[PDB]
Amino acid sequence: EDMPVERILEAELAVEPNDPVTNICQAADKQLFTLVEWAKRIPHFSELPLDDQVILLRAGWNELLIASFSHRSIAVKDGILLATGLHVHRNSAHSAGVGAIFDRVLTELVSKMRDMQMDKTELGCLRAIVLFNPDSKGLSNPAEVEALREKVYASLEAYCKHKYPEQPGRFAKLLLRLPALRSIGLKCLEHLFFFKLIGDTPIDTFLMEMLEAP
Amino acid sequence: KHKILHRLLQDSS
Ligand SMILES: CN(c1cc(C(F)(F)F)nc(OCCC(=O)O)n1)c1cccc2c1CCC2
């Protein structure tokens with residue numbers, strides 16, 4: 001066990017906390033600082049070269065944040081809970097002109113996480129898989145990252161089989177939220193690039209740094 | 001040019 005699910009859960013538990021789009025952007029900036037602390041507690045992340053640690057977090061931050069507020073929001077009806085303590089109701093999101101992408105988050109992520117009772121170990125592992133993205137451009141050693149990804153999904157499958165032996169399809173169900181998370185990430189990014197371009201919305205320095213070119 | 005991310009990743013604690 002070079003990738004124990006106990007350490008991945010510890011990482012989740014260690015970091016656990018009108019324009020709605022202004023509140024969302026403040027929350028995203030705040031959570032980017034927490035995301036660096038989270039990543040440092042994932043086994044073997046901090047032993048990668050610093051340039052590769054940067055490429056992985058620049059590639060994955062939007063998906064990692066989306067995964068976290070989505071899991072956080074499973075107790076909420078028709079909304080999301082931000083790390084800042086604030087709720088965005090689907091009605092506010094529709095009235096701010098981001099209804100369609102907000103409903104995608106509710107339907108494809110929050111609802112599906114709620115229905116299967118995805119647990120914080122499962123969430124941690126999915127986020128670790130996102131983080132260890134071996135397709136990220138410019139990695140010095142994509143094979144090392146691929147090896148870390150393989151160890152995360154080996155540990156996750158063993159955890160699922162042990163913890164939920166009645167649900168043989170559960171491992172595959174977890175992995176098959178990742179295409180939805182990818183598509184929703186890209187659409188959320190497109191919204192952010194627009195907010196920046198129109199200048200309609202304050203963007204704080206870490207969020208702004210993540211939107212700057214590579 | 002990613003000042004803030006480099007600084008946070010380097011700092012141990
Ligand atoms: C809430 N929000 C986001 C989207 C994003 C991302 F796209 F940059 F990754 N980041 C955040 O972080 C909030 C962090 C937190 O409180 O845990 N919040 C969102 C949800 C639905 C639609 C849209 C948006 C932001 C753009 C449009």
# chains A, B, ... in the order shown; residues from 1 in each chain; ligands from 1
call {"tool": "interface_residues", "arguments": {"of": "chain A", "to": "chain B", "cutoff": "12 Å", "atoms": "only C-alpha atoms", "output": "count of residues only"}}
result
37
call {"tool": "residues_near_ligand", "arguments": {"ligand": "ligand 1", "cutoff": "9 Å", "atoms": "only C-alpha atoms and all ligand atoms", "output": "VMD selection string"}}
result
chain A and resid 17 20 to 21 23 to 32 61 to 70 72 80 to 86 88 93 98 to 106 184 to 192 195 207
call {"tool": "select_by_dssp", "arguments": {"residues": "chain B", "states": "helix (DSSP H, G or I)", "output": "list in words"}}
result
residues 3, 4, 5, 6, 7, 8, 9 and 10 of chain B
call {"tool": "atom_distance", "arguments": {"atom1": "atom CA of residue A:177", "atom2": "atom CA of residue A:143"}}
result
24.0 Å
call {"tool": "atom_distance", "arguments": {"atom1": "atom CA of residue A:18", "atom2": "atom CA of residue A:181"}}
result
27.8 Å
call {"tool": "atom_distance", "arguments": {"atom1": "atom CA of residue A:203", "atom2": "atom CA of residue A:97"}}
result
17.9 Å
call {"tool": "closest_residue", "arguments": {"among": "A:44, A:71, A:182, A:7", "to": "residue A:118", "atoms": "only C-alpha atoms"}}
result
A:71
call {"tool": "residues_around", "arguments": {"residues": "residue A:42", "least_positions_apart": "3", "cutoff": "12 Å", "atoms": "only C-alpha atoms", "output": "ChimeraX atom specification"}}
result
/A:2-15,35-39,45-48,53,124-132,148-149,151-152
call {"tool": "closest_residue", "arguments": {"among": "A:79, A:176, A:1, A:22", "to": "residue A:199", "atoms": "only C-alpha atoms"}}
result
A:22
